[PDB]
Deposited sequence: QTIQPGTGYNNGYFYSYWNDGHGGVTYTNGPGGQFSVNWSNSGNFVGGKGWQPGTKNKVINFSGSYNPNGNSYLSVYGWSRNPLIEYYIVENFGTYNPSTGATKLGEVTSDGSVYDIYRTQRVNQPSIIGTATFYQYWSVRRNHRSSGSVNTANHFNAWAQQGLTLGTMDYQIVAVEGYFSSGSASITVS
């Protein structure tokens, strides 16, 4: 069903849907691991379905339709605690510091680390690091072996702590678009 921001469990899956208070986002939970989102001149928002907690060895399957107009991400998305890390495995997008590369699931990824200062997080406003794996061959369906990325991040010294949630998420940032995604 169409819901307001928050977290919970739906049809066997953990979901998280967050936005910055701007209207113009419609997030809908569907059957199984399905979710859909429409956004028109939104602010910043994140929503998707997955697992609570995640694991460092999950192979995540996804397929769907992804049509952004502006800044947007379709990625595997999740959080760590001790250390507090917000991580991204970007499979597709709309319109730092490079630490290395990794070849996985039919494409090369570029490894980046960024820092967010005094920003919303799962523990509230905080300062934390972000890890990025960004696919060069964009796609909207396939499977991601998270262990390939986590071990690649660890090689470059990027540590992950206690795995929090782990979802396939659509992110928008002052843009418009539509997406419908099935996770398994």
| Deposited sequence versus model: which ranges have no CA atoms? | 96-101
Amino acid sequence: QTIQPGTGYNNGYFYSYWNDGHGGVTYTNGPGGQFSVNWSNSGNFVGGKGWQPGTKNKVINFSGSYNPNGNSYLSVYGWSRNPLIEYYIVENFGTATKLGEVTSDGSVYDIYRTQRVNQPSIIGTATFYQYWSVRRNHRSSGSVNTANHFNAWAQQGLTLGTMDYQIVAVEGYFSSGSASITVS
From here on, numbers count along this sequence of modelled residues.
| query | Should the higher mean CA B-factor in the entry be assigned to 20-28 or to 170-178? | reply | 20-28
| query | Which of the two stretches, 70-78 or 109-117, shows the higher mean Cα temperature factor in the record? | reply | 109-117
| message | Comparing recorded Cα B-factors across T127, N44, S36, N145, which one is largest? | response | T127
| task | Would you mind checking where the Cα B-factor of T103 ranks among the modelled residues of its chain, as the lowest, middle or highest third? | result | middle
| task | Within this chain's modelled residues, let me know which third the CA B factor of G64 belongs to: lowest, middle or highest. | result | middle
| Against its chain's modelled residues, does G157's Cα B factor rank lowest, middle or highest third? | highest
| note | Assert third(CA B-factor, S133) within chain per record equals lowest
